[PDB]
Every structure is written in structure tokens, then in C-alpha cells.
file my_file.txt (compact mmCIF, C-alpha atoms and all ligand atoms)
# COMPACT_ATOMS: atom_id res chain seq x y z
CA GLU A 1 0.00 0.00 0.00
CA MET A 2 1.53 3.24 -1.27
CA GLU A 3 1.25 5.44 1.82
CA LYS A 4 2.69 2.86 4.23
CA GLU A 5 5.42 2.02 1.76
CA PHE A 6 6.22 5.70 1.35
CA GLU A 7 6.76 6.12 5.09
CA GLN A 8 8.90 3.00 5.30
CA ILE A 9 11.16 4.17 2.47
CA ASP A 10 11.47 7.62 4.00
CA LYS A 11 12.19 6.28 7.49
CA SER A 12 14.92 4.01 6.17
CA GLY A 13 16.07 6.66 3.69
CA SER A 14 16.20 4.17 0.82
CA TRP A 15 14.74 6.07 -2.15
CA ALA A 16 18.03 5.80 -4.05
CA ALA A 17 18.02 2.01 -3.66
CA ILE A 18 14.32 1.65 -4.53
CA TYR A 19 14.86 3.80 -7.60
CA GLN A 20 17.99 1.90 -8.73
CA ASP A 21 16.07 -1.35 -8.38
CA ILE A 22 13.61 0.01 -10.94
CA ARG A 23 16.47 0.92 -13.29
CA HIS A 24 17.85 -2.60 -12.85
CA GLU A 25 14.60 -4.44 -13.58
CA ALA A 26 13.44 -2.14 -16.39
CA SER A 27 12.76 -3.47 -19.90
CA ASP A 28 15.43 -3.40 -22.60
CA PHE A 29 14.27 -3.44 -26.22
CA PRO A 30 16.04 -2.52 -29.49
CA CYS A 31 16.04 1.00 -30.88
CA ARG A 32 17.49 0.09 -34.25
CA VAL A 33 15.52 2.59 -36.34
CA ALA A 34 16.46 5.46 -34.01
CA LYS A 35 20.12 4.44 -34.37
CA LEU A 36 20.20 4.49 -38.19
CA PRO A 37 22.75 7.03 -39.53
CA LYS A 38 19.99 8.82 -41.48
CA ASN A 39 18.22 9.56 -38.18
CA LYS A 40 21.17 10.92 -36.24
CA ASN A 41 20.01 14.54 -36.69
CA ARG A 42 16.44 13.65 -35.61
CA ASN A 43 17.60 12.80 -32.08
CA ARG A 44 18.23 15.44 -29.41
CA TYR A 45 20.21 13.03 -27.21
CA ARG A 46 22.42 10.15 -28.37
CA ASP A 47 21.40 7.97 -25.43
CA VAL A 48 17.63 8.62 -25.38
CA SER A 49 15.75 6.71 -28.08
CA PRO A 50 12.33 5.17 -28.67
CA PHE A 51 12.10 1.37 -28.74
CA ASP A 52 11.27 0.12 -32.21
CA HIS A 53 8.19 -1.75 -31.00
CA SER A 54 6.42 1.28 -29.54
CA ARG A 55 7.79 4.15 -31.65
CA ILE A 56 5.44 6.55 -33.40
CA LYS A 57 5.70 6.23 -37.16
CA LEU A 58 5.12 9.31 -39.31
CA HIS A 59 2.83 8.58 -42.27
CA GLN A 60 5.39 9.46 -44.95
CA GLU A 61 7.20 7.18 -47.40
CA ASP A 62 10.45 9.15 -47.13
CA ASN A 63 11.46 8.78 -43.49
CA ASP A 64 8.88 7.76 -40.90
CA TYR A 65 11.14 8.36 -37.90
CA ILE A 66 10.48 10.65 -34.96
CA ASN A 67 11.86 10.34 -31.43
CA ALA A 68 8.49 9.56 -29.84
CA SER A 69 6.92 6.55 -28.10
CA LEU A 70 3.34 5.40 -27.60
CA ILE A 71 2.94 4.54 -23.93
CA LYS A 72 -0.18 2.37 -24.14
CA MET A 73 -1.51 1.60 -20.67
CA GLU A 74 -3.81 -1.35 -21.31
CA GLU A 75 -5.38 -1.74 -17.86
CA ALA A 76 -5.78 2.00 -17.29
CA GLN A 77 -7.22 2.37 -20.80
CA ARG A 78 -5.26 5.57 -21.40
CA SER A 79 -2.48 6.26 -23.86
CA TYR A 80 0.22 8.93 -23.94
CA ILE A 81 2.75 9.87 -26.57
CA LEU A 82 6.08 10.76 -24.97
CA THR A 83 8.56 12.62 -27.10
CA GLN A 84 11.70 14.78 -26.94
CA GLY A 85 11.57 18.55 -27.30
CA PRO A 86 11.37 19.01 -31.08
CA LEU A 87 14.56 20.15 -32.83
CA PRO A 88 14.81 22.98 -35.39
CA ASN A 89 14.50 20.34 -38.15
CA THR A 90 11.76 18.21 -36.55
CA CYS A 91 9.03 20.73 -35.66
CA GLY A 92 7.22 19.82 -38.88
CA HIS A 93 7.45 16.14 -37.91
CA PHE A 94 6.22 16.95 -34.42
CA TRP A 95 3.06 18.61 -35.72
CA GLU A 96 2.64 15.95 -38.38
CA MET A 97 2.60 13.43 -35.51
CA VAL A 98 0.03 15.49 -33.58
CA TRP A 99 -2.16 15.61 -36.69
CA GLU A 100 -1.88 11.95 -37.69
CA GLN A 101 -2.34 10.72 -34.10
CA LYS A 102 -5.41 12.95 -33.60
CA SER A 103 -4.04 14.42 -30.35
CA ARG A 104 -6.05 17.25 -28.75
CA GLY A 105 -3.51 18.29 -26.14
CA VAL A 106 0.24 18.88 -25.89
CA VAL A 107 1.81 18.99 -22.44
CA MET A 108 5.18 20.78 -22.21
CA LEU A 109 7.09 20.38 -18.96
CA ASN A 110 10.27 22.33 -19.75
CA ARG A 111 11.28 25.83 -20.75
CA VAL A 112 12.92 26.45 -24.11
CA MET A 113 16.13 27.53 -22.38
CA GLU A 114 17.30 25.82 -19.21
CA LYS A 115 20.67 26.17 -17.52
CA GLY A 116 21.96 28.23 -20.44
CA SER A 117 21.12 25.64 -23.09
CA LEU A 118 18.38 25.29 -25.67
CA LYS A 119 16.35 22.29 -24.49
CA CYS A 120 13.61 22.62 -27.11
CA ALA A 121 13.02 24.42 -30.40
CA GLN A 122 10.44 27.26 -30.50
CA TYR A 123 7.86 25.02 -32.15
CA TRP A 124 4.69 27.09 -31.59
CA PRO A 125 3.85 30.72 -32.48
CA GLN A 126 4.33 33.30 -29.74
CA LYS A 127 2.25 36.00 -31.50
CA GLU A 128 -1.20 35.74 -33.13
CA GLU A 129 -0.08 37.74 -36.17
CA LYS A 130 2.99 35.56 -36.81
CA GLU A 131 1.66 32.12 -37.64
CA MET A 132 4.01 29.25 -38.50
CA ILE A 133 4.01 27.19 -41.66
CA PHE A 134 5.83 23.87 -41.79
CA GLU A 135 6.64 23.46 -45.48
CA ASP A 136 7.99 19.94 -45.22
CA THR A 137 4.78 18.51 -43.74
CA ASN A 138 2.32 21.04 -45.17
CA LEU A 139 0.85 22.29 -41.90
CA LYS A 140 -0.01 25.72 -40.53
CA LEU A 141 -0.04 26.70 -36.86
CA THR A 142 -1.65 29.78 -35.37
CA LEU A 143 -1.75 31.09 -31.84
CA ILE A 144 -5.41 31.78 -31.07
CA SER A 145 -5.16 32.84 -27.44
CA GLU A 146 -3.25 32.16 -24.24
CA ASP A 147 -3.94 32.22 -20.51
CA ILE A 148 -0.80 32.97 -18.51
CA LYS A 149 -0.64 32.00 -14.84
CA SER A 150 2.22 32.37 -12.40
CA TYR A 151 3.86 29.04 -13.18
CA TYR A 152 2.11 27.68 -16.26
CA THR A 153 0.46 28.94 -19.43
CA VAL A 154 -2.38 27.40 -21.43
CA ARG A 155 -2.48 28.22 -25.14
CA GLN A 156 -5.13 27.66 -27.73
CA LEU A 157 -3.64 26.79 -31.10
CA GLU A 158 -5.19 26.18 -34.50
CA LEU A 159 -3.51 23.42 -36.49
CA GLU A 160 -4.35 23.30 -40.21
CA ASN A 161 -3.61 20.54 -42.68
CA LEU A 162 -2.85 22.67 -45.73
CA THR A 163 -3.47 19.67 -47.95
CA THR A 164 -7.11 19.29 -46.89
CA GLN A 165 -7.80 22.71 -45.35
CA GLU A 166 -9.06 20.80 -42.34
CA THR A 167 -8.40 22.60 -39.03
CA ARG A 168 -8.24 21.45 -35.41
CA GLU A 169 -7.95 23.17 -32.05
CA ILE A 170 -4.90 22.06 -30.07
CA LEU A 171 -4.55 22.90 -26.37
CA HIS A 172 -0.98 23.58 -25.20
CA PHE A 173 -0.26 23.18 -21.48
CA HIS A 174 3.08 24.70 -20.57
CA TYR A 175 4.50 24.08 -17.07
CA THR A 176 7.27 26.70 -16.79
CA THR A 177 8.67 26.15 -13.29
CA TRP A 178 9.56 22.45 -13.21
CA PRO A 179 13.37 22.20 -12.91
CA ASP A 180 15.23 19.75 -15.13
CA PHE A 181 16.25 16.71 -13.04
CA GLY A 182 14.00 18.30 -10.43
CA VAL A 183 10.49 18.12 -8.99
CA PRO A 184 7.50 20.52 -8.92
CA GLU A 185 7.28 23.10 -6.12
CA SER A 186 4.60 21.05 -4.38
CA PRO A 187 2.13 18.21 -4.91
CA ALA A 188 -0.52 20.97 -4.94
CA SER A 189 1.08 22.93 -7.75
CA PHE A 190 1.66 19.72 -9.72
CA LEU A 191 -1.89 18.45 -9.20
CA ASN A 192 -3.41 21.83 -9.95
CA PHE A 193 -1.70 21.68 -13.36
CA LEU A 194 -2.60 18.02 -13.99
CA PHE A 195 -6.24 18.80 -13.25
CA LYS A 196 -6.17 21.70 -15.72
CA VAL A 197 -5.13 19.19 -18.38
CA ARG A 198 -7.78 16.71 -17.22
CA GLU A 199 -10.56 19.31 -17.14
CA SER A 200 -9.83 20.39 -20.74
CA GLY A 201 -11.03 17.04 -22.09
CA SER A 202 -7.59 16.52 -23.67
CA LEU A 203 -7.18 13.08 -22.05
CA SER A 204 -10.55 11.73 -23.23
CA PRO A 205 -10.43 8.41 -25.12
CA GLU A 206 -12.48 10.15 -27.83
CA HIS A 207 -9.26 11.96 -28.81
CA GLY A 208 -5.90 10.53 -29.81
CA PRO A 209 -3.22 10.24 -27.10
CA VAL A 210 -2.10 13.45 -25.43
CA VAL A 211 1.46 14.37 -26.40
CA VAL A 212 3.76 14.88 -23.39
CA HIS A 213 7.30 16.21 -23.66
CA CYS A 214 10.11 17.83 -21.77
CA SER A 215 13.64 18.00 -23.20
CA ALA A 216 14.41 14.27 -23.45
CA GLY A 217 10.80 13.12 -22.98
CA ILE A 218 11.53 10.73 -20.10
CA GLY A 219 12.19 12.41 -16.75
CA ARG A 220 9.61 15.10 -16.08
CA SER A 221 7.41 13.53 -18.78
CA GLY A 222 7.62 10.14 -17.03
CA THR A 223 6.71 11.69 -13.69
CA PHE A 224 3.66 13.46 -15.16
CA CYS A 225 2.39 10.24 -16.80
CA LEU A 226 3.04 7.94 -13.83
CA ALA A 227 1.03 10.21 -11.52
CA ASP A 228 -1.84 10.53 -14.01
CA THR A 229 -2.07 6.77 -14.71
CA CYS A 230 -1.93 5.85 -11.03
CA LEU A 231 -4.75 8.29 -10.24
CA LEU A 232 -6.77 6.93 -13.17
CA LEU A 233 -6.28 3.29 -12.09
CA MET A 234 -7.32 4.17 -8.56
CA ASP A 235 -10.32 6.08 -9.96
CA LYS A 236 -11.62 3.19 -12.12
CA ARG A 237 -11.51 0.83 -9.14
CA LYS A 238 -12.27 3.42 -6.46
CA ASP A 239 -9.52 1.63 -4.54
CA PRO A 240 -6.27 3.49 -3.77
CA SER A 241 -4.82 0.39 -2.09
CA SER A 242 -5.01 -1.59 -5.32
CA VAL A 243 -2.41 0.60 -7.03
CA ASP A 244 1.21 -0.57 -7.12
CA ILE A 245 3.15 2.50 -8.26
CA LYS A 246 6.48 0.78 -8.96
CA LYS A 247 4.66 -1.90 -10.92
CA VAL A 248 2.92 0.80 -12.97
CA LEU A 249 6.24 2.56 -13.68
CA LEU A 250 7.80 -0.71 -14.79
CA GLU A 251 4.86 -1.32 -17.12
CA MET A 252 5.31 2.18 -18.64
CA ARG A 253 9.06 1.54 -19.09
CA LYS A 254 8.13 -1.32 -21.41
CA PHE A 255 7.20 1.43 -23.92
CA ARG A 256 9.94 4.04 -23.41
CA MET A 257 13.32 3.86 -21.66
CA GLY A 258 14.32 5.86 -18.61
CA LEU A 259 10.90 7.08 -17.48
CA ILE A 260 11.48 9.10 -14.30
CA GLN A 261 15.12 10.24 -14.09
CA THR A 262 15.84 10.62 -10.35
CA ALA A 263 14.90 9.04 -7.01
CA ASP A 264 13.29 12.27 -5.85
CA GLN A 265 11.04 12.39 -8.94
CA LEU A 266 9.93 8.87 -7.97
CA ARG A 267 9.38 10.03 -4.38
CA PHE A 268 7.47 13.04 -5.68
CA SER A 269 5.22 10.72 -7.74
CA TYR A 270 4.17 8.98 -4.54
CA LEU A 271 3.42 12.34 -2.93
CA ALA A 272 1.22 13.50 -5.81
CA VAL A 273 -0.67 10.22 -6.09
CA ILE A 274 -1.26 10.01 -2.33
CA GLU A 275 -2.53 13.60 -2.29
CA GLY A 276 -4.56 13.19 -5.51
CA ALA A 277 -6.24 10.12 -4.03
CA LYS A 278 -8.15 12.53 -1.75
CA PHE A 279 -10.01 13.97 -4.73
CA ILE A 280 -10.51 10.57 -6.37
CA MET A 281 -12.17 9.25 -3.22
CA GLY A 282 -14.70 12.07 -2.93
CA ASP A 283 -13.09 15.06 -1.21
CA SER A 284 -13.91 17.61 -3.89
CA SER A 285 -12.74 20.50 -1.66
CA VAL A 286 -9.04 19.57 -2.08
CA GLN A 287 -9.10 20.81 -5.68
CA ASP A 288 -9.62 24.43 -4.69
CA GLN A 289 -7.09 23.93 -1.91
CA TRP A 290 -4.48 22.95 -4.52
CA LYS A 291 -5.43 25.95 -6.60
CA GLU A 292 -4.83 28.27 -3.63
CA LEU A 293 -1.59 26.62 -2.52
CA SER A 294 -0.32 26.76 -6.10
CA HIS A 295 -0.42 30.58 -6.24
CA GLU A 296 -1.65 30.61 -9.83
CA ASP A 297 -2.39 34.32 -9.81
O1 LIG B 301 13.40 15.78 -17.56
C1 LIG B 301 14.28 15.72 -16.65
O2 LIG B 301 14.09 15.72 -15.41
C2 LIG B 301 15.74 15.60 -17.12
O3 LIG B 301 15.69 15.42 -18.54
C3 LIG B 301 16.88 15.20 -19.17
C4 LIG B 301 17.69 16.18 -19.72
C5 LIG B 301 17.49 17.73 -19.71
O4 LIG B 301 16.34 18.19 -19.45
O5 LIG B 301 18.53 18.39 -19.99
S1 LIG B 301 19.11 15.55 -20.46
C6 LIG B 301 18.65 13.94 -20.09
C7 LIG B 301 19.54 12.86 -20.51
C8 LIG B 301 20.20 12.90 -21.75
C9 LIG B 301 21.07 11.86 -22.13
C10 LIG B 301 21.29 10.77 -21.28
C11 LIG B 301 20.64 10.71 -20.04
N1 LIG B 301 20.82 9.62 -19.12
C12 LIG B 301 21.60 9.77 -17.96
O6 LIG B 301 21.76 8.87 -17.13
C13 LIG B 301 22.29 11.07 -17.71
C14 LIG B 301 21.94 11.90 -16.64
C15 LIG B 301 22.62 13.11 -16.44
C16 LIG B 301 23.65 13.51 -17.30
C17 LIG B 301 24.00 12.68 -18.37
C18 LIG B 301 23.33 11.47 -18.58
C19 LIG B 301 20.13 8.32 -19.38
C20 LIG B 301 20.70 7.57 -20.60
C21 LIG B 301 20.06 6.19 -20.72
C22 LIG B 301 18.56 6.35 -20.93
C23 LIG B 301 17.92 7.08 -19.75
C24 LIG B 301 18.60 8.42 -19.43
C25 LIG B 301 19.78 11.75 -19.67
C26 LIG B 301 17.44 13.92 -19.41
BR1 LIG B 301 16.56 12.35 -18.80
call {"tool": "encode", "arguments": {"input": "my_file.txt", "output": "C-alpha cells"}}
result
Amino acid sequence: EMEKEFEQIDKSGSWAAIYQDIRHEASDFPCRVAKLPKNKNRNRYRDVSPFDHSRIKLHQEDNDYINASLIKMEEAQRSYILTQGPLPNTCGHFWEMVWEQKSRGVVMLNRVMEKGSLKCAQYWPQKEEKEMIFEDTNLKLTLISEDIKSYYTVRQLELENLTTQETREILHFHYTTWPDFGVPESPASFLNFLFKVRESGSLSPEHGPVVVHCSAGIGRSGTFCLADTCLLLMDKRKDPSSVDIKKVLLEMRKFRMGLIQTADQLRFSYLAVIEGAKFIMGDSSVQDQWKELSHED
């Protein structure tokens, strides 16, 4: 049971060991396509690749490769696409993927510049009047509006397939204060953001999988997805005790390597799930408490 386990790990100060055990047991599958010479410039990090078996394929004859994985959580009945921060040459691919996969939401957990380096290309328009066209994939992207809070911003985007003139609304959820290799300020501020994404309808099975990324698409992204899936599993069963967090993380790691980068991110995942469980089990008041504690305004 998660809460008892949490206290036992804390008391014995063994988060590092628990986390390393997960690294040790984690799945290992080939990433041969990602490692092809022709794809070298499509990868942000040499050592972070999608497994072949779960990679997202772009629907183009030329090169179907993008550094992105479909995390398909069978029991939870929710899917996520985890991906790296797009590069200057893969922003067209990124939006092609969003289009083809019918995603309604994009969750961004990093800033474009972190610790002096460019962790992500500027892949969305920052001004209404300066829309972006991706010539390679024939897509147009327009900023429609944005709602800026103290630590996150929600943007409304219009994605147009120039080939069909079909348009879709994409919601962009941008968490701006989550440190690389770090954790959110609090469970409250994390859960407040997660519930914004949930309340948008972006996670509905009627849409394609939400796209989740940070810089490498594994650390912060893995933390976000683990917490969401655990809360969803608990919700479907109305039984917080039935959820084995480490087992869920290991399942997710079948679909993308390295999910959750540090022991404290793992510890933080417990914190968020334990706190979120309050809402799941019928304490609706905690949601406004998180909002307040998060200092949105
Ligand atoms: O989102 C976060 O919290 C941190 O995200 C990340 C980065 C960033 O935002 O700059 S860079 C990054 C990354 C890139 C390449 C390799 C690795 N991996 C490491 O063990 C590692 C960790 C720190 C420094 C160098 C390597 C291994 C290599 C084997 C596969 C798993 C990761 C990690 C991650 Br992850």
C-alpha cells in the first residue's frame, strides 16, 4: 500500500536504492531505427531513443522516424505519446505526428532555455499575427489565445492541414517552473496543473493520445504520466490500495526507456498520487485547496 510504503522508504532513507532497483529491472528493447545514420540529426540526445516496437511512425514514405513513443496503458485504458523537445528540423514532424495521431492536447514540462542551453526548439507561435508554416509537412499553426498563470500557461492553437484545409484546435499546457532533473514546487502545484489538463477534455479516449514532452521526454514527462495513470487506475476501481506505483512505472518503461530520471522524482510521484487520491475518493474540496496553494495568480 503506497502510503505505508512511502513512510517505510522515508524512514529508512532508501529512495536511491528503490529507484535503482527500478532501473535494474526495467525493460530493454532494441532502438534500431532510431540508431540508423539517417536519423542521427532527428535525435536530441544520443542515449535517449524510442524502442522500435512502440515508436510513433510518421505517415510518410520518405522517413517515418520521430523520437516519440506510444505509452499504451492497457489496464488504465489511457495512452500517452512521450517525445523529446522538437529540434529545429523536426518541428514539422512533431506537428505531423500530432495531426496523424489525432491528439487534442500537448503537455510541455520544460522551458525552451534551461541552464543556459536550448532544451527545445520554439515550435509554436508566440504571437497571433505571426503564424508558422511547416513546409515539409504542409501544416499551418496559429496562436489563437493564451492564458498565462504564475507558473504555467495554457495556449489555444489552431492546427491546419494545408493539404485538406481541415483545421483542429490544439490545447498547449506549458509548465514553466519544473526544474530539469528536479520536482514541482509542491504536490498541490503539480496536481493543480494536472487537473487543468484533465478538465480540458484533452485526455478523453475520444481523442488521440495526449502528447507529453520535456527535453528528453523521459524524466519530467515520465513523472507526469506515472502520476496521471496511477490516479486513473485508482479512480476506475475506487480503490487506492489496489495501485502498485512501482509496478505501474515498470509497465510504462516497457514502452519508453528511462521514465522518471531521479529518485526524488519517484518520491514526488508517490506524494502527488497520495494527495490526488483525496479527490478521487470524494473530497472535492481539495481541488480548490491545490489551486490556492499553487499561487496561480
Ligand atoms: O526531464 C528531466 O528531469 C531531465 O531530462 C533530461 C535532460 C534535460 O532536461 O537536460 S538531459 C537527459 C539525458 C540525456 C542523455 C542521457 C541521459 N541519461 C543519464 O543517465 C544522464 C543523466 C545526467 C547527465 C547525463 C546522462 C540516461 C541515458 C540512458 C537512458 C535514460 C537516461 C539523460 C534527461 Br533524462
call {"tool": "atom_distance", "arguments": {"input": "my_file.txt", "atom1": "atom CA of residue A:122", "atom2": "atom CA of residue A:159"}}
result
15.7 Å
call {"tool": "closest_residue", "arguments": {"input": "my_file.txt", "among": "A:50, A:282, A:276, A:30", "to": "residue A:229", "atoms": "only C-alpha atoms"}}
result
A:276
call {"tool": "residues_near_point", "arguments": {"input": "my_file.txt", "point": "(-2.2, 13.3, -23.3)", "cutoff": "6 Å", "atoms": "only C-alpha atoms", "output": "PyMOL selection string"}}
result
chain A and resi 80+105+203+209-211
call {"tool": "residues_near_ligand", "arguments": {"input": "my_file.txt", "ligand": "ligand LIG 301 (chain B)", "cutoff": "6 Å", "atoms": "only C-alpha atoms and all ligand atoms", "output": "CSV table (one decimal) with C-alpha atoms, keeping the file's coordinate frame"}}
result
chain,number,residue,atom,x,y,z
A,45,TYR,CA,20.2,13.0,-27.2
A,47,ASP,CA,21.4,8.0,-25.4
A,48,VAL,CA,17.6,8.6,-25.4
A,180,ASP,CA,15.2,19.8,-15.1
A,181,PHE,CA,16.2,16.7,-13.0
A,182,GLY,CA,14.0,18.3,-10.4
A,214,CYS,CA,10.1,17.8,-21.8
A,215,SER,CA,13.6,18.0,-23.2
A,216,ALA,CA,14.4,14.3,-23.4
A,218,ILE,CA,11.5,10.7,-20.1
A,219,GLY,CA,12.2,12.4,-16.8
A,220,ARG,CA,9.6,15.1,-16.1
A,257,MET,CA,13.3,3.9,-21.7
A,258,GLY,CA,14.3,5.9,-18.6
A,261,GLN,CA,15.1,10.2,-14.1
call {"tool": "residues_around", "arguments": {"input": "my_file.txt", "residues": "residue A:150", "least_positions_apart": "5", "cutoff": "8 Å", "atoms": "only C-alpha atoms", "output": "list in words"}}
result
residues 295, 296 and 297 of chain A
call {"tool": "atom_distance", "arguments": {"input": "my_file.txt", "atom1": "atom CA of residue A:193", "atom2": "atom CA of residue A:168"}}
result
23.0 Å
call {"tool": "closest_residue", "arguments": {"input": "my_file.txt", "among": "A:119, A:78, A:35, A:127", "to": "residue A:231", "atoms": "all atoms listed in the file"}}
result
A:78
call {"tool": "atom_distance", "arguments": {"input": "my_file.txt", "atom1": "atom CA of residue A:228", "atom2": "atom CA of residue A:76"}}
result
10.0 Å
call {"tool": "residues_around", "arguments": {"input": "my_file.txt", "residues": "stretch 128-142 of chain A", "least_positions_apart": "5", "cutoff": "8 Å", "atoms": "all atoms listed in the file", "output": "CSV table (one decimal) with C-alpha atoms, in the coordinates of the input"}}
result
chain,number,residue,atom,x,y,z
A,91,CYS,CA,9.0,20.7,-35.7
A,92,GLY,CA,7.2,19.8,-38.9
A,93,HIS,CA,7.4,16.1,-37.9
A,95,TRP,CA,3.1,18.6,-35.7
A,96,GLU,CA,2.6,16.0,-38.4
A,157,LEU,CA,-3.6,26.8,-31.1
A,158,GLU,CA,-5.2,26.2,-34.5
A,159,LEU,CA,-3.5,23.4,-36.5
A,160,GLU,CA,-4.4,23.3,-40.2
A,161,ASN,CA,-3.6,20.5,-42.7
A,162,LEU,CA,-2.8,22.7,-45.7
A,163,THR,CA,-3.5,19.7,-48.0
call {"tool": "closest_residue", "arguments": {"input": "my_file.txt", "among": "A:255, A:224, A:190, A:123", "to": "residue A:293", "atoms": "only C-alpha atoms"}}
result
A:190
call {"tool": "closest_residue", "arguments": {"input": "my_file.txt", "among": "A:29, A:271, A:277, A:192", "to": "residue A:292", "atoms": "only C-alpha atoms"}}
result
A:192
call {"tool": "closest_residue", "arguments": {"input": "my_file.txt", "among": "A:57, A:43, A:262, A:197", "to": "residue A:87", "atoms": "all atoms listed in the file"}}
result
A:43
call {"tool": "closest_residue", "arguments": {"input": "my_file.txt", "among": "A:267, A:291, A:198, A:32", "to": "residue A:7", "atoms": "all atoms listed in the file"}}
result
A:267
call {"tool": "residues_around", "arguments": {"input": "my_file.txt", "residues": "residue A:266", "least_positions_apart": "2", "cutoff": "12 Å", "atoms": "all atoms listed in the file", "output": "ChimeraX atom specification"}}
result
/A:6,9,14-23,181-184,219-220,222-227,245-246,248-250,258-264,268-273
call {"tool": "write_last_selection", "arguments": {"input": "my_file.txt", "atoms": "C-alpha atoms", "output": "PDB file, in the frame of the given file"}}
result
ATOM      1  CA  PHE A   6       6.220   5.700   1.350  1.00  0.00           C
ATOM      2  CA  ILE A   9      11.160   4.170   2.470  1.00  0.00           C
ATOM      3  CA  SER A  14      16.200   4.170   0.820  1.00  0.00           C
ATOM      4  CA  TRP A  15      14.740   6.070  -2.150  1.00  0.00           C
ATOM      5  CA  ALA A  16      18.030   5.800  -4.050  1.00  0.00           C
ATOM      6  CA  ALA A  17      18.020   2.010  -3.660  1.00  0.00           C
ATOM      7  CA  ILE A  18      14.320   1.650  -4.530  1.00  0.00           C
ATOM      8  CA  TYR A  19      14.860   3.800  -7.600  1.00  0.00           C
ATOM      9  CA  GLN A  20      17.990   1.900  -8.730  1.00  0.00           C
ATOM     10  CA  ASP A  21      16.070  -1.350  -8.380  1.00  0.00           C
ATOM     11  CA  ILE A  22      13.610   0.010 -10.940  1.00  0.00           C
ATOM     12  CA  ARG A  23      16.470   0.920 -13.290  1.00  0.00           C
ATOM     13  CA  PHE A 181      16.250  16.710 -13.040  1.00  0.00           C
ATOM     14  CA  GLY A 182      14.000  18.300 -10.430  1.00  0.00           C
ATOM     15  CA  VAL A 183      10.490  18.120  -8.990  1.00  0.00           C
ATOM     16  CA  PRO A 184       7.500  20.520  -8.920  1.00  0.00           C
ATOM     17  CA  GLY A 219      12.190  12.410 -16.750  1.00  0.00           C
ATOM     18  CA  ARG A 220       9.610  15.100 -16.080  1.00  0.00           C
ATOM     19  CA  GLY A 222       7.620  10.140 -17.030  1.00  0.00           C
ATOM     20  CA  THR A 223       6.710  11.690 -13.690  1.00  0.00           C
ATOM     21  CA  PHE A 224       3.660  13.460 -15.160  1.00  0.00           C
ATOM     22  CA  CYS A 225       2.390  10.240 -16.800  1.00  0.00           C
ATOM     23  CA  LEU A 226       3.040   7.940 -13.830  1.00  0.00           C
ATOM     24  CA  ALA A 227       1.030  10.210 -11.520  1.00  0.00           C
ATOM     25  CA  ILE A 245       3.150   2.500  -8.260  1.00  0.00           C
ATOM     26  CA  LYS A 246       6.480   0.780  -8.960  1.00  0.00           C
ATOM     27  CA  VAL A 248       2.920   0.800 -12.970  1.00  0.00           C
ATOM     28  CA  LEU A 249       6.240   2.560 -13.680  1.00  0.00           C
ATOM     29  CA  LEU A 250       7.800  -0.710 -14.790  1.00  0.00           C
ATOM     30  CA  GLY A 258      14.320   5.860 -18.610  1.00  0.00           C
ATOM     31  CA  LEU A 259      10.900   7.080 -17.480  1.00  0.00           C
ATOM     32  CA  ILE A 260      11.480   9.100 -14.300  1.00  0.00           C
ATOM     33  CA  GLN A 261      15.120  10.240 -14.090  1.00  0.00           C
ATOM     34  CA  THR A 262      15.840  10.620 -10.350  1.00  0.00           C
ATOM     35  CA  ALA A 263      14.900   9.040  -7.010  1.00  0.00           C
ATOM     36  CA  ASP A 264      13.290  12.270  -5.850  1.00  0.00           C
ATOM     37  CA  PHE A 268       7.470  13.040  -5.680  1.00  0.00           C
ATOM     38  CA  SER A 269       5.220  10.720  -7.740  1.00  0.00           C
ATOM     39  CA  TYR A 270       4.170   8.980  -4.540  1.00  0.00           C
ATOM     40  CA  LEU A 271       3.420  12.340  -2.930  1.00  0.00           C
ATOM     41  CA  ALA A 272       1.220  13.500  -5.810  1.00  0.00           C
ATOM     42  CA  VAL A 273      -0.670  10.220  -6.090  1.00  0.00           C
TER      43      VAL A 273
END
call {"tool": "residues_around", "arguments": {"input": "my_file.txt", "residues": "residue A:243", "least_positions_apart": "3", "cutoff": "9 Å", "atoms": "only C-alpha atoms", "output": "list in words"}}
result
residues 1, 2, 230, 231, 233, 234, 239, 240, 247 and 248 of chain A
call {"tool": "write_last_selection", "arguments": {"input": "my_file.txt", "atoms": "C-alpha atoms", "output": "mmCIF file, keeping the file's coordinate frame"}}
result
data_model
loop_
_atom_site.group_PDB
_atom_site.id
_atom_site.type_symbol
_atom_site.label_atom_id
_atom_site.label_comp_id
_atom_site.auth_asym_id
_atom_site.auth_seq_id
_atom_site.Cartn_x
_atom_site.Cartn_y
_atom_site.Cartn_z
ATOM 1 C CA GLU A 1 0.000 0.000 0.000
ATOM 2 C CA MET A 2 1.530 3.240 -1.270
ATOM 3 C CA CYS A 230 -1.930 5.850 -11.030
ATOM 4 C CA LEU A 231 -4.750 8.290 -10.240
ATOM 5 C CA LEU A 233 -6.280 3.290 -12.090
ATOM 6 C CA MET A 234 -7.320 4.170 -8.560
ATOM 7 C CA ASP A 239 -9.520 1.630 -4.540
ATOM 8 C CA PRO A 240 -6.270 3.490 -3.770
ATOM 9 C CA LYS A 247 4.660 -1.900 -10.920
ATOM 10 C CA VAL A 248 2.920 0.800 -12.970
#
call {"tool": "axis_aligned_box", "arguments": {"input": "my_file.txt", "around": "stretch 190-206 of chain A", "padding_each_side": "3 Å", "output": "AutoDock Vina command-line options"}}
result
--center_x -5.4 --center_y 15.1 --center_z -18.5 --size_x 20.1 --size_y 19.4 --size_z 24.6
call {"tool": "residues_near_point", "arguments": {"input": "my_file.txt", "point": "(9.2, 5.7, -25.9)", "cutoff": "10 Å", "atoms": "only C-alpha atoms", "output": "JSON, numbers by chain"}}
result
{"A": [31, 48, 49, 50, 51, 52, 53, 54, 55, 56, 67, 68, 69, 70, 71, 80, 81, 82, 83, 84, 217, 218, 252, 253, 254, 255, 256, 257, 258, 259]}
